[PDB]
Structures are given as structure tokens and as C-alpha cells.
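Notes follow once the structure below has been shown.
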Amino acid sequence: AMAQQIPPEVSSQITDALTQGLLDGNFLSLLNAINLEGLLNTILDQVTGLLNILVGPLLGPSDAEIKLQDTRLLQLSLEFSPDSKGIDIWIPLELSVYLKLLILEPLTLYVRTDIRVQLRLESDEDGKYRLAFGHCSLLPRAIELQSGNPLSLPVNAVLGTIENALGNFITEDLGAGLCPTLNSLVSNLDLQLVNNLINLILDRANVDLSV
Numbered sequence: 004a005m006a007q008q009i010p011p012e013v014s015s016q017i018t019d020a021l022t023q024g025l026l027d028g029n030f031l032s033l034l035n036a037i038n039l040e041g042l043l044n045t046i047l048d049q050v051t052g053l054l055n056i057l058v059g060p061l062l063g064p065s066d067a068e069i070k071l072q073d074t075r076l077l078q079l080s081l082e083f084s085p086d087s088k089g090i091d092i093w094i095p096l097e098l099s100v101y102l103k104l105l106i107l108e109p110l111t112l113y114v115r116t117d118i119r120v121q122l123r124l125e126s127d128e129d130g131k132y133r134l135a136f137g138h139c140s141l142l143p144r145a146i147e148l149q150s151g152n153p154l155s156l157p158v159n160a161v162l163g164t165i166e167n168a169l170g171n172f173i174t175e176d177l178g179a180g181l182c183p184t185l186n187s188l189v190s191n192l193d194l195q196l197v198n199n200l201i202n203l204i205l206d207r208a209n210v211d212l213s214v
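Note that the working numbering has the sequence shown beginning at 4, numbered continuously upward.
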């Protein structure tokens, strides 16, 4: 957002309400319930045929499990969509994922993703303007290693793979389990907030557009 930015006042109440929906609802609970098998399975798929299984004498049993550890949510934000006639709602999350290997040291990963859903501008039955939920992509901004020694075999296969997998799981998996919830909260918040975004977009369009 280099052309125009959102007023902290208006953004503060949409983030309030949007986060409130996260709080009041069960946003983090979705994650906790999210099919983590995909990650686990993905990570196992990648880590095998990569390091110790690919170039490693005496292959071991590829047993493992995956767990969510520390799921939390930060303070939301909004931006104007890149001329797409809408606004980007950024829901930032801070999750921590724990993978459990049989005999290998279990590592913990930290992921900080900033969801980006777009509320477009459209006109409803009364010819009035409303917020049109058009886009809901989760954007994995951060994936940091919580535990794991780099002073060993090439990141123990548990780095690039983790980010590969997590960067997928946010967008693919989380944007699957969390998308309906977001399209609920944004569609359940304040009408004033709705209009505040609308009037904003119309303003950033051209004050009101065709006055």
C-alpha cells in the first residue's frame, strides 16, 4: 500500500471485530483440528529420499507423528487492494508445530502467517454497496525453527522441508479449514465497518466515484 493507506481509526475497528470473530468463534481451534496428516505425511515424504534415506547407509524406520503446539493470533490489519476495488484483511497468526520422530530428535517449528482475504466492492439488491468476499488466501510470512541443531547433518532434512510443507499447509490446508470461518466473521461484523471499508474503497476509487 504505497498509493493510499487505511486510516488507523477505521482499520482498528474492523480488526477488532474480525479478531473478535476469531476470539468469539474458534479460529485457532480450527487449526488445532486441521488435518495435520497432510503436513506429517508431506514432511515424511520429503525427508525420506532427501538426506539419510537418499544418501545414508542403513536406512531406518520412517516413523513419526505431528502435533500443533502453540497456536495463537496477533493483531489484525487491513490494506487497500491493488486497484482490485477492495481491501485486504491481514489476519496474522503465530503457530508452532511439533513433529515427533521415533528415534530422531523431535523438533519444533514456528510459523507466522498473515492471512489475506479481500472484501471487494459490489452492489446488492437495493443497489447499495456491500462487501464482497472474493479472495481468501493465507500467506505464510514466517517459518522459523524453534528447536534443532544446525551443527549436524545438513539441517537433519528438517529445515527446507519444514518451510516447504508449512508454506503449503497455511495456504492449502489452513485456507481450507479457516476460509469458511473468515467468510463468516467478515460477513458477521459491523455494518458500519462494512460501510467504512466501502466508503474507503469508493474514496480511494475517486472520493465517491461518479458523483
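C-beta: ideal position from N, C-alpha, C; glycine also.
- Under the DSSP definition of a beta bridge, residue 58 lacks any partner.
- If the five residues before and after residue 149 are omitted, its C-beta is found closer than 7 angstroms to the C-beta atoms of 99, 111, 112 and 113, all from its own chain and listed in chain order.
- For residue 147, the beta-bridge partners assigned by DSSP are 113.
- Restricted to the stretch 84-114, the beta strand (DSSP E) segments that are unbroken, complete and at least 3 residues in length are 89-104, listed in chain order.
- Residue range 11-27 is occupied by the alpha helix (DSSP H) that includes residue 14.
- Rounded to whole angstroms, residue 81 and residue 177 show a C-alpha spacing of 20 angstroms.
- Of the residues assessed, residue 121 falls on the buried side of the cut-off, its CB having 16 or more other CB atoms within 10 angstroms.
- The continuous beta strand (DSSP E) containing residue 67 extends over residues 67-71.
- Counted as a single uninterrupted DSSP element, the stretch harbouring residue 160 is not any alpha helix (DSSP H), since DSSP gives it neither H nor E.
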